[PDB]
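Trainee: Pasting a structure below so you can have a look.
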Amino acid sequence: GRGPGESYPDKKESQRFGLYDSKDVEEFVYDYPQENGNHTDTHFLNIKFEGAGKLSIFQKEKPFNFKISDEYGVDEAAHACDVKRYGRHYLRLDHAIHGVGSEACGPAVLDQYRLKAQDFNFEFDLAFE
Amino acid sequence: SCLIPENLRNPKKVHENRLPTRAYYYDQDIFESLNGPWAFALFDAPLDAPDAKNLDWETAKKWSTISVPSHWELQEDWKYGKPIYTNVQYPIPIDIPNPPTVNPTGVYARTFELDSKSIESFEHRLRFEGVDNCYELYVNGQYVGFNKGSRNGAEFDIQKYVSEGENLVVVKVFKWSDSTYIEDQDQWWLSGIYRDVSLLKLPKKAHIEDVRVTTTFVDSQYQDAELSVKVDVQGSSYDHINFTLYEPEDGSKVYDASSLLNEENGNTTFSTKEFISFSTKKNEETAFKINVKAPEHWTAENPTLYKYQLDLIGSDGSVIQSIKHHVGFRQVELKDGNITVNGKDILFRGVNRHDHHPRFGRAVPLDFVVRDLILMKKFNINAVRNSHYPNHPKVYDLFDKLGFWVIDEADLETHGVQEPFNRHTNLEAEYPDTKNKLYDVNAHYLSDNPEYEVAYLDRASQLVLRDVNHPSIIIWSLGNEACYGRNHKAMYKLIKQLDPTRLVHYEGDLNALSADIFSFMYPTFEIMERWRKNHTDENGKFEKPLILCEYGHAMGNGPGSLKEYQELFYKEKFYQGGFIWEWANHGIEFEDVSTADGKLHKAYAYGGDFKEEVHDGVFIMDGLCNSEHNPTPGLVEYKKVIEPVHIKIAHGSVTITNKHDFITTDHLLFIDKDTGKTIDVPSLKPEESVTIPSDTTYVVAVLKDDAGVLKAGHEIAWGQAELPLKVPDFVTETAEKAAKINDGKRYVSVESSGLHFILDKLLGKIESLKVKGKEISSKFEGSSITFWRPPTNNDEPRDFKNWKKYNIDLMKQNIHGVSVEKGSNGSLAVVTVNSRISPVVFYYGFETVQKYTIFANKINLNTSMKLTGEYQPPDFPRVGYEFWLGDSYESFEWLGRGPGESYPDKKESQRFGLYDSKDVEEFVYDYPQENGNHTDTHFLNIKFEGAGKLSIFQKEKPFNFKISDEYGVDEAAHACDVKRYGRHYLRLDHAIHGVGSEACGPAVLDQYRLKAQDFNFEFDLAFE
Ligand SMILES: OC[C@H]1O[C@@H](O)[C@H](O)[C@@H](O)[C@H]1O
Ligand SMILES: [Mg+2]
Ligand SMILES: [Mn+2]
Ligand SMILES: [Mn+2]
Ligand code: NA
Ligand code: NA
Ligand code: NA
Ligand code: NA
Ligand code: NA
C-alpha cells in the first residue's frame, strides 16, 4: 500500500505504493496527541506472530485503511507523555476514514474526502498461514 | 502437606489393589481392547478434579474426547500443553518425596458393555500397559485401586464392581508424584495413558494365572537339556494340564512386519509337527521337568524356536484355556569371568533403544518397533538395551523371533539429584573409573533411602516377572544413573531369587558388589585398559567381564573412532563389546518459522523449541538414526566396524575370517567384484580363517537366500585392496602459444586462446578464471584459504570454543607482493602471491606463497604455508580453498570414498570407487552442522553444461572436498533454517579435523586431529 508513513484520503499522495515493513519505519509522534498512524489504500496487510507465521488481511474489490498501535487516551492527552499504552497491540481495520482538511483555520474537508453518512458493504478475508 | 494428596507423596504407596505381576501372554480370546476415544478433561491440580465416586457417565459424556493410547502433550494444536525436555535436571523443585502442588491432572472416562452370561462365565480384569506418571482407577463410581511405575503394566480385579449392561471406567492420571524422582531419564517428559488398555475375560472357575519356562543344559557339552514348565492355576475346577512341544523352525525363518504382528489364534491350528507331549495327572503338581534330546540352540545369530501349546483341561476332558508360545533352548552363565551363552563367550554388537516416535512419542505403534528392529538387523546389530525401562510387552516376542541379545532394564533413574551438586561444585567432567564418588555423596536422598526400598523392589519385581520367559533377554538391569545404595543391593537379591537363570547389570555399581558384570559408559582406551589390568590376576584370570553399556555417542556428525573401540573388543577376552548411545534422535515433528525464509516449515523439535523453563537443548538428538528413524552416516559406519566377517586383501590373497559367535559362513555368497564371479569359500566356523590366492581388488560377502528379515543379496561384509594414488593421464598443453599479460595497477590479467585469468592483487582473489567455456572464481570473504566449518555437535563443547577463541573464522589474507612473469617450460605465465594469512587481533598466522603456473588447458597451484607467531591455536577445523562454480555447473563425479560423506575418523564404511553426484541421496542432518565432505579423494571431475569437465587432483596425496550451495549452517537450528546461494561452490581442502565423540565421550584421537603446523600442497586444475 502507501508508505512508509501515515496516509489519509486528502493527504496521501506523498506516500508512494510499495511493500513496507513496520520495522523500517520511525512512527511519527505528534506534539499534540491526535488521530495518527492510519494507512490508506492498503492492498493487503501481513501481521507476523512469533514462531507462528503470518495473518494476511485483505478487502474485496477495494483497498482498505488500517492502524496498528498500543495507544489509548489520546483524546484527553495534552502532550506526548500523557498518552496511555495497553499491554498488547490492537488492529484498527477500517473500510473507510474521514479526510483531514484544514478547518482549524481554513476550508473544511472537501466533499469528495468526507466520509458521508450512507450504507456500508464490505468483505474481509482473514487468511492464516 | 494436605493440599497435596497422601498417595502422591508416599514412596511406599507403590500401588493399591494391583494384582501380582505375572508372565505376559497376549490371547485374542481373553484380551478385549478398550483403546479408542475416551472422555477427557485436564485440571490444574488434583483438588480441581471431580470426586470420581460421584461422576456419572451423563456428566463425563459431555467432555471433549482424547484417543487412548496417546500422550496429552502430543495432541492436535497442543491442546493440553507441550512436551518438556530435560536430561539431568528435574523439571520440578527437589523436596523429596513431595511433588509440586500444581500438578496437571487428567481424568479419563469411557463405558463398556457387559452381558448377563459374561459375569457368570468370566473373572473380569482391567490391564493397563503403561500410564505416566500414576493413576487411581474407578469402576461404576467405586474406587478400585491405585498404581505407580510408568513403563510397567498393571492388572486390577473388576469382578466385584461390574454390572450387567453399561459399565463406567474412570481413570484419574497425575503428572507428578514421589515417583517422579525415580523416573528422570534423559528424554521427553510426557503424560497420560500412552499404552494399551484392555478388558480381560478369564474363565471363572479355573484359569491359568502364571507360567514359567526354563531351559537348562544337563551337561558340560551343551547337548541334552532339561525343559522345566511350572504352571500356577487359579481355582479348583480343573483336572490336569497338557503340554505339546513342536518340531523347531530354524532361526533362518523368513519374517515380515505382517507375520511378526499377526495376532490370530483360537480356531487357527497352532502347529502339527509334534515333538513331545506330556500330561499331568488329577490332583498332582501342575508343573513338570522333561529331558530333551539334543535340541536346536537358540541364539541371536540363529533364533531357532520350538513352539508349544499348554492346555488346561477340565474333568469332562474339554479345554478350559490354552497358551500358545515358544521355547528358546539357550543358557546364560558367568563362566570363567565371561558372559556366556550355551558355553560361548559372546560379543555385543549393540545399541540403546528408547521408545520414540516423532509424532506419538513413547506411544509407539508396534508396526514402528518392527521397523526399528528390521533396520537394526540390516545394519549388523545383534543386541539391544532397553534404555532405560521396559518396552510394550508385545515387543519381546520380536526380540525372540528376530534374534537380539537383550538387556531388559528397570524403570529407575535418579540422575537429577546430582544437578545442584554439579553446579555448586562447578563440576566439569565425569570419568567412568572415578565418577561414582560424586554419586556416593547424594545417594542418601533416594537409592540409599529406606523409604524408597519398596518402590525400588517393585521396579525390580515388575521388570522380571512380566518378561521372564523371553529367551532373548539374557541380562536384567537395575536401572540407570541412580547412584549406588542399599536399595540396589535389595533389588539384586530379589532378582536372583525370582530369576536365578540370568545375570544382573548395574553401571552405577562400579565395583559390581551387587552386579554380575562390569559396565562402563564412554570410557577412554586408557581407562578401559587400566580396569582390565586391575581385574586380571597374575594367572590371566578375571572374575567378571567388562561391557560398554553406552559408548560412541552418536550425536550429529559422528561418532568418530568406532574402529579403535572395535580393535580393543576383538583383542581382549575381558571386553565383550558394547551398546551405542543411541538408536535414534528423539525429535518431535512441529512447525518452525524459517530463519532463511520467514515461512512455516515441518521440522524436528528438541529442547527450547517447546519454550520450556529449563531444557537441555539438542542433547535429545543423539541417535544413529534421525528423528524419523532413518539411517545417518553414523549407522552406515557402525555396520561396517561391527561386520561379523573380516575380508582382507593383500599380496595376491584374500584372507577371510569368520567373526560370528555361533553361525558359519555357509549362508553367505562371496563375490569377486572385479569379475562378478563367485569365490568358492570353504565353510568357516567362528574364529576360523582361510587365505585364498586371487588377483581381486574388491570382495563382497552377501546373503545367498532370504533369511530372517533380510533379503537374498543383502551385504553383510566386504573388503578392498588398498588403492594407490594414480596420477591421471591428463595431457597438459605445453605448445608455444602467445599470451597477453597485463600487470595492472590492481588487477593482473592473463589472456590466451580459450583462457582468461584475472587476479585481484589487493586481495589475492581470483576475480575470474574461464578456460574452454568453464568458469570458476574465488569464493572470498577475508581470505583465499579458509579454515572454518560449521561446528558439529561434538565440536561444540571444546574444539569450537578454542577455534572461536583464536578467531579462526576471521582469518584474513594480507597481500605483501605479487610477482608476474612470462612462462618458461611450456607455461603461459607464472603469477606468485606473497602474503600473511592471519586472523584479526592475533599474532599467529602463515607466511604464505601461492604460485599459479598457467597453461592453455591447466592451472597448477602450489601452496606453501608457514606457521609463525606467538599464541597459536592447537588445531584447525580444516584448511583449503573455496571457489564459486560458474552458471554452467551441473554435476560432479569423483574417484575416492563414497557414496556418502567421509571424515578422517569416520570413513571406512565408504569404500573406494568412482561415484556420481546424481546417484547419491545427500543426507540432511536434523541439526545443521558440518556435512558432505569426501575424504581420501583421488580426483574430482566437475561437469559443466555443454563445456566438458574440470578435473582436479592433488599431488602425492589424496584430498578432501565438498560441493554445495548452502550457508548459514552455524546459526541454523533446523534443516529449514539453512540458507542457499544462487550458485554452487567447491570447498577444496588439503586437510580436515576429525569428528570424534566429544559431545559425550573422548575427544578426536590424536592421529585424526588437524594439528597446527606448516602446510604444503599442490593442486592441478585441469580443463577438458
Ligand atoms: O546423551 C547423554 C546420555 O548420557 C548417559 O550418561 C546416560 O546414561 C544417557 O541416558 C544419556 O543421558
Ligand atoms: Mg542421565
Ligand atoms: Mn501533559
Ligand atoms: Mn528453526
Ligand atoms: Na489530545
Ligand atoms: Na529427564
Ligand atoms: Na572380546
Ligand atoms: Na541424550
Ligand atoms: Na547449527
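Residues are referred to by chain and number: the chain letter is A, B, ... according to the order shown in the C-alpha cells, the number counts from 1 in that chain, and ligands are numbered separately from 1 in the order shown.
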Could you list, as a ChimeraX atom specification, all protein and nucleic acid residues with an atom at most 9 Å from ligand 6, counting only C-alpha atoms and all ligand atoms?

Mentor: /B:84-91,183-189,413,415-416

Trainee: Which protein, DNA or RNA residues have an atom within 10 Å of ligand 7, counting only C-alpha atoms and all ligand atoms, as a CSV table (one decimal) with N, CA and C atoms, in the first residue's frame?

Mentor:
chain,number,residue,atom,x,y,z
B,338,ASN,N,33.4,-64.6,32.0
B,338,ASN,CA,32.8,-64.1,30.8
B,338,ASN,C,31.2,-64.4,30.9
B,345,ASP,N,31.5,-67.5,24.9
B,345,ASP,CA,31.7,-66.1,25.3
B,345,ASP,C,31.3,-65.1,24.2
B,346,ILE,N,30.2,-64.5,24.3
B,346,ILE,CA,29.6,-63.7,23.2
B,346,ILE,C,30.2,-62.3,23.1
B,347,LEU,N,29.9,-61.7,21.9
B,347,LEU,CA,30.2,-60.2,21.7
B,347,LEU,C,29.0,-59.4,21.4
B,348,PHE,N,28.7,-58.4,22.2
B,348,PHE,CA,27.6,-57.5,22.0
B,348,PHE,C,27.9,-56.5,20.9
B,545,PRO,N,33.5,-59.8,33.5
B,545,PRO,CA,33.9,-59.1,32.3
B,545,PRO,C,33.5,-57.6,32.2
B,546,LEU,N,34.0,-56.9,31.2
B,546,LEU,CA,33.5,-55.5,31.0
B,546,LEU,C,32.8,-55.3,29.7
B,547,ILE,N,31.6,-54.7,29.8
B,547,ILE,CA,30.8,-54.3,28.7
B,547,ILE,C,30.8,-52.8,28.7
B,566,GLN,N,36.6,-51.1,18.5
B,566,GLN,CA,36.3,-52.5,18.0
B,566,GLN,C,37.6,-53.3,18.0
B,567,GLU,N,38.7,-52.7,17.7
B,567,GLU,CA,40.0,-53.4,17.8
B,567,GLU,C,40.3,-53.9,19.2
B,568,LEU,N,39.9,-53.0,20.2
B,568,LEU,CA,40.0,-53.4,21.6
B,568,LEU,C,39.1,-54.6,21.9
B,569,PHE,N,37.8,-54.6,21.4
B,569,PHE,CA,36.9,-55.6,21.6
B,569,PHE,C,37.3,-57.0,21.2
B,570,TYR,N,37.9,-57.1,20.0
B,570,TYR,CA,38.4,-58.3,19.4
B,570,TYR,C,39.6,-58.8,20.1
B,571,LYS,N,40.4,-57.9,20.5
B,571,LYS,CA,41.8,-58.2,21.1
B,571,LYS,C,41.7,-58.9,22.4
B,572,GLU,N,40.9,-58.4,23.3
B,572,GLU,CA,40.8,-59.0,24.7
B,572,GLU,C,39.5,-59.8,25.0
B,573,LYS,N,39.7,-60.9,25.6
B,573,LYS,CA,38.6,-61.8,26.1
B,573,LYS,C,37.8,-61.0,27.2
B,574,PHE,N,38.5,-60.2,27.9
B,574,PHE,CA,37.8,-59.4,29.0
B,574,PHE,C,36.7,-58.4,28.5
B,575,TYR,N,36.9,-57.9,27.3
B,575,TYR,CA,35.9,-57.0,26.7
B,575,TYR,C,35.0,-57.8,25.9
B,576,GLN,N,33.7,-57.6,26.1
B,576,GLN,CA,32.6,-58.3,25.4
B,576,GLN,C,31.8,-57.3,24.6
B,577,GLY,N,32.3,-56.2,24.2
B,577,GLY,CA,31.7,-55.3,23.3
B,577,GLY,C,30.9,-54.2,24.0

Trainee: List the neighbours of residue 57 (chain A) out to 10 Å using only C-alpha atoms; skip same-chain residues closer than 3 positions along the sequence, and give me the result as a ChimeraX atom specification.

Mentor: /A:42-47,54,64,93,124-128

Trainee: Would you write out those residues with C-alpha atoms, as a short mmCIF file (atom, residue, chain, number, x, y, z; two decimals), in the first residue's frame?

Mentor:
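Ended up saving to out-v1.cif:
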data_model
loop_
_atom_site.label_atom_id
_atom_site.label_comp_id
_atom_site.auth_asym_id
_atom_site.auth_seq_id
_atom_site.Cartn_x
_atom_site.Cartn_y
_atom_site.Cartn_z
CA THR A 42 -3.90 -0.70 1.65
CA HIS A 43 -3.90 -3.62 -0.76
CA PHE A 44 -3.04 -6.24 1.87
CA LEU A 45 -1.74 -6.44 5.43
CA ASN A 46 0.50 -9.15 6.91
CA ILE A 47 0.70 -9.44 10.70
CA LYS A 54 1.62 -14.52 9.44
CA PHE A 64 -8.70 -0.51 2.91
CA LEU A 93 -9.26 -2.37 10.48
CA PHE A 124 -12.70 -9.02 4.51
CA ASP A 125 -10.63 -12.17 4.43
CA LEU A 126 -8.57 -13.17 7.45
CA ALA A 127 -6.15 -15.66 5.94
CA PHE A 128 -3.90 -17.61 8.32
#

Trainee: What are the nearest atom pairs, with distances in Å to one decimal, for all residues of chain B that come at most 10 Å from chain A, using only C-alpha atoms, set out by chain and rising residue number as JSON lines?

Mentor:
{"residue": "B:591", "atom": "CA", "partner": "A:52", "partner_atom": "CA", "distance": 7.8}
{"residue": "B:592", "atom": "CA", "partner": "A:51", "partner_atom": "CA", "distance": 6.3}
{"residue": "B:593", "atom": "CA", "partner": "A:51", "partner_atom": "CA", "distance": 5.2}
{"residue": "B:594", "atom": "CA", "partner": "A:51", "partner_atom": "CA", "distance": 8.7}
{"residue": "B:598", "atom": "CA", "partner": "A:53", "partner_atom": "CA", "distance": 7.5}
{"residue": "B:599", "atom": "CA", "partner": "A:53", "partner_atom": "CA", "distance": 6.1}
{"residue": "B:600", "atom": "CA", "partner": "A:53", "partner_atom": "CA", "distance": 6.0}
{"residue": "B:601", "atom": "CA", "partner": "A:53", "partner_atom": "CA", "distance": 9.7}
{"residue": "B:609", "atom": "CA", "partner": "A:51", "partner_atom": "CA", "distance": 9.6}

Trainee: Could you write those residues out with N, CA and C atoms, as a PDB file, in the first residue's frame?

Mentor:
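Listing of again.pdb after writing:
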ATOM      1  N   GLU B 591       6.013 -27.210  13.672  1.00  0.00           N
ATOM      2  CA  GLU B 591       6.154 -26.174  12.663  1.00  0.00           C
ATOM      3  C   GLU B 591       7.035 -25.024  13.136  1.00  0.00           C
ATOM      4  N   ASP B 592       8.123 -24.818  12.407  1.00  0.00           N
ATOM      5  CA  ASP B 592       9.158 -23.876  12.769  1.00  0.00           C
ATOM      6  C   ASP B 592       9.062 -22.725  11.776  1.00  0.00           C
ATOM      7  N   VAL B 593       9.228 -21.492  12.240  1.00  0.00           N
ATOM      8  CA  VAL B 593       9.438 -20.408  11.282  1.00  0.00           C
ATOM      9  C   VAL B 593      10.897 -20.433  10.845  1.00  0.00           C
ATOM     10  N   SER B 594      11.105 -20.431   9.534  1.00  0.00           N
ATOM     11  CA  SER B 594      12.442 -20.499   8.977  1.00  0.00           C
ATOM     12  C   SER B 594      13.207 -19.181   9.071  1.00  0.00           C
ATOM     13  N   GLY B 598      11.394 -16.856   6.365  1.00  0.00           N
ATOM     14  CA  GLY B 598      10.290 -16.161   7.013  1.00  0.00           C
ATOM     15  C   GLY B 598       8.984 -16.945   6.916  1.00  0.00           C
ATOM     16  N   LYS B 599       9.071 -18.211   6.524  1.00  0.00           N
ATOM     17  CA  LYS B 599       7.882 -19.039   6.332  1.00  0.00           C
ATOM     18  C   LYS B 599       7.835 -20.242   7.285  1.00  0.00           C
ATOM     19  N   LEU B 600       6.706 -20.943   7.269  1.00  0.00           N
ATOM     20  CA  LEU B 600       6.473 -22.066   8.178  1.00  0.00           C
ATOM     21  C   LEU B 600       6.841 -23.397   7.520  1.00  0.00           C
ATOM     22  N   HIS B 601       7.674 -24.189   8.197  1.00  0.00           N
ATOM     23  CA  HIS B 601       8.125 -25.476   7.668  1.00  0.00           C
ATOM     24  C   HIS B 601       8.000 -26.585   8.707  1.00  0.00           C
ATOM     25  N   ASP B 609      12.531 -25.610  21.724  1.00  0.00           N
ATOM     26  CA  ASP B 609      11.535 -25.409  20.678  1.00  0.00           C
ATOM     27  C   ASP B 609      10.118 -25.346  21.255  1.00  0.00           C
TER      28      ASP B 609
END

Trainee: Taking only chain A into account, list the residues labelled strand (DSSP E) by DSSP (computed from the backbone), as a PyMOL selection string.

Mentor: chain A and resi 39-42+45-49+53-59+64-72+84-94+124-128

Trainee: Using only C-alpha atoms and all ligand atoms, which residues have at least one atom no more than 12 Å from ligand 3? Output them as a CSV table (one decimal) with C-alpha atoms, in the first residue's frame.

Mentor:
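selection.csv was written with the following content:
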chain,number,residue,atom,x,y,z
A,31,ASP,CA,3.3,17.3,19.7
A,32,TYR,CA,-0.4,17.5,20.4
A,33,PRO,CA,-1.8,13.9,20.5
A,73,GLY,CA,-6.4,8.1,25.9
A,74,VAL,CA,-5.3,10.2,23.0
A,75,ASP,CA,-8.4,12.4,23.2
A,76,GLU,CA,-7.6,13.7,26.7
A,77,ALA,CA,-3.8,13.6,26.3
A,78,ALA,CA,-2.4,17.2,26.2
A,79,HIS,CA,1.2,16.1,25.4
A,80,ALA,CA,3.0,13.1,24.0
A,81,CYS,CA,3.9,11.9,27.6
A,82,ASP,CA,0.2,11.9,28.5
A,83,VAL,CA,-0.6,9.1,26.1
A,84,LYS,CA,-1.6,5.8,27.7
